[PDB]
Asks: 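Got a structure for you, questions after.
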Amino acid sequence: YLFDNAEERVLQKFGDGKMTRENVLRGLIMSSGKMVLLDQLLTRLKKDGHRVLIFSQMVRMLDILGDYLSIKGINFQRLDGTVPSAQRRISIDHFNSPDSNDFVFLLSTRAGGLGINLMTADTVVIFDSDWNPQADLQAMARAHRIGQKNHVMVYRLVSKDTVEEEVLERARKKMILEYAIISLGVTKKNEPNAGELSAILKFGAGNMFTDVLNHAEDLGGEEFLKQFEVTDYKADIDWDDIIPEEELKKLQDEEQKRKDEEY
Amino acid sequence: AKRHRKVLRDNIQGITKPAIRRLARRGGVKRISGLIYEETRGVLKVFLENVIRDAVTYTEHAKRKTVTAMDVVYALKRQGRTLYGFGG
DNA sequence: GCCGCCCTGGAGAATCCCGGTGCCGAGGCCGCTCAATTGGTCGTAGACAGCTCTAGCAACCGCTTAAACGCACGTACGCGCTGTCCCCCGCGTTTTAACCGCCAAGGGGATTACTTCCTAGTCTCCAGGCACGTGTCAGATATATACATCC
C-alpha cells in the first residue's frame with residue numbers, strides 16, 4: 001500500500017471493490033507478510049498485560065499502521081517529524097500516565113532525540129531495520145531505561161528473501177565492529193584475546209542467514225552470539241480466518257448502527 | 001484515512017501569488033488584477049514544457065537519464081532564447 | 001572641651017598611539033605537456049583570358065484606361081466628462097514551508113586507458129535515370145447538312 005493505486009487492485013481482486021469496512025482490514029492484514037505477524041503479536045500482547053512501541057523508518061508506513069489501528073479500534077499514539085514538540089510532550093505524558101488507555105505507541109526511529117521517556121511500555125517492535133544499528137539501539141533504549149520494572153522484549157520484523165537481508169547483514173557487521181573496537185577497549189586474557197578476536201572475525205565473515213511469540217526468557221562472548229539468530233515464522237493464514245466471530249459481530253454492529261445515526 | 005498518495009499534482013500552485021507579483025514588479029507593473037495569476041501559471045507551464053521536451057530529446061539522444069545544464073542551454077538556444085552563464 | 005560638616009590636593013586606573021609579528025589574497029616561479037609553429041612537398045581552387053547569348057538601362061515615343069486625386073457632405077465614432085461600485089491594495093496577524101544542515105547506501109555519468117571490428121571513405125568502371133526534343137494519338141470543339149415544324 002506504500003505504492004500509489006495499489007489498495008484498489010487488492011480491494012477489487014479479493015473483496016470485489018465494495019470496501020465495506022471489513023474487507024479493508026483484511027486487505028491491510030493480508031497485503032503484507034509482516035502484518036499477519038503484527039496482528040498476531042498485537043492480539044497476544046493485548047491478551048497479556050503489555051504495552052508496545054512500534055518503530056518504523058518511514059512515516060507513510062506509520063500512516064498505514066495508524067489506519068490499521070483506527071479501523072481495528074486500538075487506542076494508539078504517534079510520534080514522528082511532523083508532530084511539533086508540544087504535542088510530542090502531550091503524547092509522551094499521556095502514554096506514561098498511570099491511568100492511560102493507550103496500548104501501542106508508534107515512532108519514526110530517528111525522531112525525538114535521546115530525551116524521550118517511554119518507561120511504561122514493555123515490548124518494542126522494530127518494524128523496519130536501520131542501516132545504522134545505533135539508531136535501533138537507541139530505539140530499544142527508549143523503553144530499556146534505568147529503573148525499568150519489566151523484562152523488555154524486542155521483536156524485529158524481517159521480510160524473507162528480500163533486500164532487508166543485507167540490511168541486517170550490514171547491521172550485524174557494524175555491531176561486530178563496535179564490539180571489536182569499542183567494547184574491548186572500555187574504561188592472562190591477552191593470550192586468549194588472539195583467539196577470541198579471530199573467533200569474532202570468523203563470525204564477522206559468516207552469513208547469519210544460513211512458543212514463538214513468548215514474552216519471557218529464562219560468558220560475555222557467548223552473550224554476543226545471542227540476538228543474531230533467525231527465527232523463521234510461517235503463518236499459512238487464509239483470507240477468511242482473520243476478523244473472528246467476536247470481531248466481526250462488533251464490526252458489523254458498529255457499521256449498522258452508523259447508518260441509523262447517520263453522521 | 002491517514003494514508004494518501006506520495007505524488008503531488010498542485011505543483012503549479014507552488015508558483016505563488018507573491019512570486020507572480022514580484023515578477024510583475026520587475027516588469028514594471030503597478031496594478032495587477034486577480035485573474036492574472038492563473039493565466040501566468042498556464043503561460044509558465046506551456047513555456048516550461050516546451051523547453052523541457054527539447055531538453056529531454058537532447059538527453060535521450062546522448063543515451064542518458066540525467067538532464068544536464070548543457071541540454072537546457074541547447075533547448076533554449078534552438079527556439080531562439082540564448083542563455084549565457086551556463087554554457088562555459 | 002568634644003564632635004560633626006564643607007573645601008581642596010596628589011596618586012591609582014582607563015584609553016590612544018606605535019611597534020613587532022602572524023594570517024588571507026594575489027602574483028612570480030617552476031614543472032608537465034600537448035597543441036601551435038616551422039619546414040618541406042604537392043595537388044588543386046581559383047584567378048585569368050576568351051567567345052556566345054541574353055537581360056538590363058537611359059532616355060525617348062505613342063495609346064489606353066483604370067487608378068489616383070480633389071472636393072463636398074454627412075454621420076459615425078473617438079474622446080472627454082461623470083457616476084458608481086467593486087475589487088485590488090495596504091496592513092495586521094497567524095501559519096508554514098523554504099532553507100540550511102544532516103544521514104544512508106547506491107547508481108549515473110564523466111574522465112583515462114585499452115582493444116577490436118564494422119562501416120564509411122576512396123577509387124575504378126559502367127549503365128541507366130534525368131533532362132531535352134519530337135512523332136503520334138485520342139478527347140474536346142466548331143460547323144455542314146438533312147428532317148420536323150409554325151405561320
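Below, chain A is the first sequence line, B the second, and so on; all start at residue 1.
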Asks: Could you check whether A/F228 and A/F203 have their ring centres less than 6.0 Å apart?
Replies: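 Yes, the ring centres sit under 6.0 Å apart.
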Asks: If you measure only the distance, is there a donor-acceptor pair under 3.5 Å linking the side chains of A/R156 and A/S129?
Replies: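 Yes, side-chain donor-acceptor contact under 3.5 Å.
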Asks: Any ion pair linking A/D232 and A/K160 (charged N to carboxylate O, less than 4.0 Å)?
Replies: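 A salt bridge links A/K160 with A/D232.
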Asks: Taking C1'-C2'-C3'-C4' positive as north and negative as south, where does C/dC102 sit?
Replies: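 Torsion sign positive, so north.
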Asks: Considering non-hydrogen atoms only, spot the tightest contact between B/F47 and B/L76 and give its length.
Replies: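 Nearest pair, atom of B/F47 first, then B/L76: CZ-CD2, 4.1 Å.
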Asks: Look at the rings of A/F224 and A/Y179 and say which category their plane angle falls in: under 30° parallel, 30 to 60° tilted, over 60° perpendicular.
Replies: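 Aromatic pair A/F224/A/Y179 classed parallel.
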Asks: Check this for me, if you would: do A/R78 and A/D102 make a salt bridge, where the nitrogen-to-carboxylate-oxygen distance has to be below 4.0 angstrom?
Replies: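 Looking at A/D102 together with A/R78, the answer is no, because their closest N to O distance does not fall below 4.0 Å.
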Asks: Dot-bracket for DNA chain C, 5' to 3', counting Watson-Crick or G-U wobble pairs under 3.5 Å, with [ ] for crossing pairs and | for inter-strand pairs?
Replies: .......................................................................................................................................................
Asks: Could you tell me which non-hydrogen atom of A/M61 sits nearest to which non-hydrogen atom of A/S56, and how far apart they are?
Replies: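 It is CB-OG, 3.7 Å.
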Asks: Please look at the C1'-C2'-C3'-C4' dihedral of C/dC18 and say whether its sugar is north or south.
Replies: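 Judging by the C1'-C2'-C3'-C4' torsion, which comes out negative, the sugar of C/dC18 sits south.
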Asks: Would B/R64 and B/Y58 count as a cation-pi pair here, with the cationic atom under 6.0 angstrom from the ring centre and within 45° of the axis?
Replies: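 No, B/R64 does not lie over the aromatic ring of B/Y58.
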Asks: Do A/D67 and A/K72 meet the salt-bridge criterion of a basic N to acidic O distance under 4.0 Å?
Replies: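 Looking at A/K72 and A/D67, the cut-off is not met.
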Asks: Would you jot down, in residue-number order, the residues of residues 9-26 of chain B having a non-hydrogen atom under 4.0 Å from DNA chain C?
Replies: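 Under 4.0 Å from DNA chain C: B/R21.
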Asks: North or south: which describes the sugar of C/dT37, going by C1'-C2'-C3'-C4'?
Replies: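 It is south, as the sign of the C1'-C2'-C3'-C4' dihedral turns out negative.
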Asks: Measure from CD1 on B/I32 to P on C/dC89 and round the result to the nearest Å.
Replies: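 Interatomic distance, CD1 of B/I32 to P of C/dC89: 6 Å.
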Asks: Spell out protein contact along nucleotides 100-118 of chain C as letters: B when the base is contacted, S when just the sugar-phosphate is, - when no protein heavy atom is under 4.0 Å; keep the 5' to 3' order.
Replies: ----SSS-SSS--------
Asks: Work out the sugar pucker of C/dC51 as north or south, treating a positive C1'-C2'-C3'-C4' as north.
Replies: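 South pucker for C/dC51.
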Asks: Do A/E22 and A/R26 sit within salt-bridge range, that is, some charged N less than 4.0 Å from a carboxylate O?
Replies: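 Yes, this pair counts.
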Asks: Taking atom types as modelled, is there a side-chain donor on A/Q40 or A/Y233 under 3.5 Å from an acceptor on the other?
Replies: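 There is such a pair (donor and acceptor under 3.5 Å, judged by atom type) between the side chains of A/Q40 and A/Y233.
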